[PDB]
> 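Below is a structure I'd like to ask you about.
Just so you know, these numbers use all the heavy atoms, side chains as well, and skip hydrogens, waters and symmetry mates. Residue numbers run from 1 in the order of the sequence given.
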Amino acid sequence: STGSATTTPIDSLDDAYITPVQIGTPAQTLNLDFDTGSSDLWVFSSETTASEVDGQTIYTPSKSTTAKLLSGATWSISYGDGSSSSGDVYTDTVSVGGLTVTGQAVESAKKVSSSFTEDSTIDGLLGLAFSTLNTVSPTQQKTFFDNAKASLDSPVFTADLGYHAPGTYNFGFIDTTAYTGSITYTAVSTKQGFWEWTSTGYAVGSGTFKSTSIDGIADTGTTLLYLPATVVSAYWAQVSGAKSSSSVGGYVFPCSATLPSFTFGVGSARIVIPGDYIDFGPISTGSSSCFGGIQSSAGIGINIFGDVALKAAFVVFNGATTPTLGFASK
């Protein structure tokens, strides 16, 4: 089997992308944030504290003939940005772009933090990291991909995120029309539960590529590109007027600047992020100061190849027995 679904930016900055997901019988369609940096599929629901729901579409398990309560099970997750959610657990039929998994754990939120409430466009998350990170207790549950894997024509999914435009998540096949040139594959470590890999270096604008190992994670659920302070400083030093602002929380630059591209290495191959992808717009409405899309990972504890990087590539998440990542230009 295969599936193919369009993913759409939630706003004009590509802060996140939402993909429609059918849950239950008859289907209830919710727009979920596909997150290769976590491993829980959780949704706003009829059980979510009413005051914490503001515009989201909710899952109502009592209206699904296929919903089953997982007795006594709970879940609770905290993300890197300090947001969180928790609740109880159902299994139900979940379909993505025509691909159906029966008995998928659907984690129903009883509580969500303010960041989730305040974002009316995101009805929940669909985790695509390794199932070892799943937070269900007492027994951990499998991700949608892990459950679908054996049925897929090939044990893969691909992310093809758009710049200020829709893109595609495919399951079970590689669309050879969706990229230019060849896909370069690189090793993955699952030791921390992530799609963790080692980039071979970077270049700033037209500068010569610097060969250096950069360990990090391919994370569709993180907006920006977070890299070591040395790398990030080298980038912003090429932008007139750019500076790190402790009050704003990162590198800012004059909105009138023309940003250089940023290149990262995948083996002997190279992915070029255009300068425009690195512009995240005015720091506040009407400001002439803009927020940068490449920021330091110091204090996160891990480097993160988030949407700014991933949207410059066609990315293969190969879930074979020995997982790998593939990157192609597009």
> Going by the side chain to side chain contact (heavy atoms under 4.5 Å, CB included) test, name the single residue among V94, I23, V96 that passes it with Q104.
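Exactly one candidate clears the test, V94.
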> Tell me whether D153 contacts the main-chain N or O of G172 through its side chain, where contact means a donor paired with an acceptor under 3.5 Å.
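No, the answer is negative, given that no donor and acceptor are paired below the 3.5 Å cut-off.
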> Would you call the rings of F130 and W195 parallel, tilted or perpendicular, where under 30° means parallel and over 60° means perpendicular?
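Plane angle between 30° and 60°, so tilted.
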> Verify whether the ring centers belonging to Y235 and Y202 lie closer than 6.0 Å.
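No, the ring of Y235 stays outside the 6.0 Å limit from the ring of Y202, centre to centre.
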> Can you tell me how far the CZ atom of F209 sits from the OG atom of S268, to the nearest 0.5 Å?
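Between atom CZ of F209 and atom OG of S268 there are 9.5 Å.
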> Using 0.5 Å steps for rounding, measure from the CG atom of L227 to the CZ atom of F305.
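Between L227 CG and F305 CZ, I get 5.0 Å after rounding to 0.5 Å.
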> Between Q28 (side chain) and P26 (backbone), is there a donor-acceptor pair under 3.5 Å?
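Between the backbone of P26 and the side chain of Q28 there is no qualifying donor-acceptor contact (under 3.5 Å).
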> Salt bridge (charged side-chain N to carboxylate O under 4.0 Å, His left out) with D119: which residues, sequence neighbours excluded?
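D119 satisfies salt bridge (charged side-chain N to carboxylate O under 4.0 Å, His left out) with no other residue.
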> Take the angle between the ring planes of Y59 and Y90 and call it parallel below 30°, perpendicular above 60°, tilted in between.
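Taking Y90 first and then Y59, their aromatic rings stand perpendicular (interplane angle over 60°).
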> Just jot down the salt bridge (charged side-chain N to carboxylate O under 4.0 Å, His left out) partners of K210, sequence neighbours excluded, or say none.
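Here no residue qualifies.
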> Checking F194 against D219 for the side-chain contact (heavy atoms from CB on, under 4.5 Å) test, could you report, in this order, the C-alpha distance in whole Å, the side-chain angles of both residues, the deciding distance, and whether it holds?
CA-CA 8 Å; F194 300 119; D219 187 3; over 6 Å; no
> Following the transitive rule for hydrophobic clusters with a side-chain heavy-atom cut-off under 4.5 Å over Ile, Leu, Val, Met, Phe, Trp and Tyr, establish whether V89 and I58 coincide in one cluster.
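They do share one cluster, since a chain of ILVMFWY contacts under 4.5 Å joins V89 to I58.
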> If only atom types and distance count, is the side chain of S1 paired as donor or acceptor with the main-chain N or O of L99 below 3.5 Å?
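Flag not set: sc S1 to bb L99 has no pair under 3.5 Å.
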> Would you say the side chains of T198 and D215 form a donor-acceptor pair under 3.5 Å?
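Per modelled atom types, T198 and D215 side chains form a pair under 3.5 Å.
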> Can you check whether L126 reaches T19 side chain to side chain, under 4.5 Å on heavy atoms?
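The answer is no; the side chains never approach within 4.5 Å.
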> With side chains defined as the heavy atoms from C-beta onward, is the minimum distance between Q56 and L30 less than 4.5 Å?
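A side-chain contact is absent here, since even the closest heavy-atom pair is not under 4.5 Å.
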> Parallel, tilted or perpendicular: which one describes the rings of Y251 and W236, with boundaries at 30° and 60°?
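Parallel, since the angle between the ring planes stays under 30°.
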> Rounded to the nearest 0.5 Å, how far apart are CG of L125 and CG of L32?
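So the CG of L125 and the CG of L32 are separated by 7.5 Å.
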> Could you see if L128 belongs to whatever hydrophobic cluster contains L152? Use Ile, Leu, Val, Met, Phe, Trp, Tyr and a side-chain cutoff under 4.5 Å.
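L128 clusters together with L152.
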> Any luck finding a side-chain donor-acceptor pair between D307 and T223 under 3.5 Å?
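Result is no, nothing qualifies.
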> Could you work out, with salt bridge (charged side-chain N to carboxylate O under 4.0 Å, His left out) as the rule, every residue matching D35, not counting sequence neighbours?
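Checked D35 against salt bridge (charged side-chain N to carboxylate O under 4.0 Å, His left out); zero matches.
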> Is there a donor-acceptor pair closer than 3.5 Å between any side-chain N or O of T117 and the backbone N or O of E52?
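Yes; judged by distance alone, with no hydrogens or angles, the pair exists.
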> Could you give all pairs that pass the salt bridge (charged side-chain N to carboxylate O under 4.0 Å, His left out) test and reach residues 315-330, with sequence neighbours left out?
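Found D160-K330.
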> Working to the nearest 0.5 Å, report the span between CD1 of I302 and CD1 of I217.
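Result: 5.0 Å between the selected atoms.
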> Between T143 (side chain) and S131 (backbone), is there a donor-acceptor pair under 3.5 Å?
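Looks like no, no N/O pair under 3.5 Å.
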> Looking just at side-chain N and O atoms, do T66 and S64 make a donor-acceptor pair shorter than 3.5 Å?
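Yes, side-chain donor-acceptor contact under 3.5 Å.
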> Can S108 and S45 be counted as having a side-chain donor-acceptor contact under 3.5 angstrom?
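Distance-only check passes for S108 and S45.
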> Please test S4 against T168 for side-chain contact (heavy atoms from CB on, under 4.5 Å), starting from the C-alpha separation and ending with a verdict.
CA-CA 7 Å; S4 181; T168 305; 3.9 Å; yes
> Can you tell me how far the CD1 atom of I214 sits from the CG atom of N303, to the nearest 0.5 Å?
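One finds 7.0 Å between CD1 of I214 and CG of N303.
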> Assess whether side-chain contact (heavy atoms from CB on, under 4.5 Å) is satisfied between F116 and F44, documenting all intermediate values.
CA-CA 9 Å; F116 289 117; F44 279 79; 4.1 Å; yes
> Provide the closest heavy-atom pair for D33 versus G221 in the form atom of the first, atom of the second, distance.
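Heavy atoms of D33 and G221 come nearest at OD1-CA, 4.4 Å.
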> Under the side-chain contact (heavy atoms from CB on, under 4.5 Å) criterion, do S85 and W75 qualify, and how do the steps go?
CA-CA 8 Å; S85 51; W75 63 280; 3.3 Å; yes
> Would you call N134 and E107 a side-chain contact if the rule is heavy atoms closer than 4.5 Å?
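In short, these two side chains touch, coming nearer than 4.5 Å.
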> What closest approach, in Å, do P9 and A165 show between heavy atoms, and which atom pair accounts for it?
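Closest heavy-atom pair between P9 and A165: CD-O, 3.4 Å.
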> Measuring only between side-chain heavy atoms, which start at C-beta, is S46 closer than 4.5 Å to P61?
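Yes, side chains in contact.
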> Using modelled atom types only, decide if a donor and an acceptor are shared between the side chain of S120 and the backbone of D54 within a distance under 3.5 Å.
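No.
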> Restricting to non-hydrogen atoms, name the atom on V239 and the atom on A257 that form the minimum distance, rounded to 0.1 Å.
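Answer, listing the atom of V239 first, then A257: CG1-CB, 4.1 Å.
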> Is it the case that the side chains of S245 and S247 hold a donor-acceptor pair, with the cut-off being a distance below 3.5 Å and no angle test?
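There is such a pair between these side chains.
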> If only atom types and distance count, is the side chain of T186 paired as donor or acceptor with the main-chain N or O of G267 below 3.5 Å?
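Here the side-chain-to-backbone pair does not exist.
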> Tell me whether the rings of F314 and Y179 are parallel (<30°), tilted (30 to 60°) or perpendicular (>60°).
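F314 vs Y179 ring planes: tilted.
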> Do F173 and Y185 sit in the same hydrophobic cluster, where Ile, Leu, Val, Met, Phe, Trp and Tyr count as joined when their side-chain heavy atoms come under 4.5 Å apart?
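Per the 4.5 Å side-chain linkage, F173 and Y185 are not co-clustered.
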> Specify the closest pair of heavy atoms between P138 and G72, including all atoms of both residues, with the distance to one decimal.
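Result for this residue pair: CD-O, 4.5 Å.
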> Using modelled atom types only, decide if a donor and an acceptor are shared between the side chain of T263 and the backbone of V272 within a distance under 3.5 Å.
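Checking the backbone N and O of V272 against the side chain of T263, no donor-acceptor pair under 3.5 Å is found.
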> Quick one: does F34's side chain get under 4.5 Å of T7's, heavy atoms only?
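Contact flag for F34/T7 side chains = no.
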> Show me the pairs that pass salt bridge (charged side-chain N to carboxylate O under 4.0 Å, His left out) and involve residues 6-27, at least two apart or across chains.
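Passing the test, one end in residues 6-27: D14-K311.
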> Taking the side chain as C-beta and beyond, is there a heavy-atom pair between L325 and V315 under 4.5 Å?
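A side-chain contact under 4.5 Å exists here.
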> Is a side-chain N or O of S84 found less than 3.5 angstrom from the main chain of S78, in a donor-acceptor match?
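Such a contact is absent between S84 side chain and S78 backbone.
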> Work out which heavy atom in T29 is nearest to a heavy atom in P20; give both atom names and the distance.
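Closest pair (atom of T29, atom of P20, distance): CG2-CB, 3.9 Å.
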> Do any pairs count as a disulfide bond (SG atoms under 2.5 Å apart) and have a residue in residues 297-330, sequence neighbours left out, and if so which ones?
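Every candidate disulfide bond (SG atoms under 2.5 Å apart) pair involving residues 297-330 fails, so no pair, neighbours aside, qualifies.
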> Take the angle between the ring planes of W197 and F327 and call it parallel below 30°, perpendicular above 60°, tilted in between.
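Tilted, since the angle between the ring planes falls between 30° and 60°.
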> Does any non-hydrogen side-chain atom of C290 lie less than 4.5 Å from one of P282?
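They are in contact (side-chain heavy atoms under 4.5 Å apart), so the answer is yes.
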> Is any side-chain heavy atom of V43 closer than 4.5 Å to a side-chain heavy atom of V106?
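Yes - at least one pair of side-chain heavy atoms lies under 4.5 Å apart.
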> Over all heavy atoms of both residues, which pair between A218 and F317 is shortest? Give the atoms and the distance, please.
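Shortest heavy-atom contact: CB-CE2, 3.9 Å.
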> Is there a donor-acceptor pair under 3.5 Å between the side chain of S296 and the backbone N or O of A298?
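Yes; judged by distance alone, with no hydrogens or angles, the pair exists.
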> Between CG of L161 and OG1 of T8, what distance do you get to the nearest 0.5 Å?
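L161 CG to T8 OG1: 11.0 Å, rounded to 0.5 Å.
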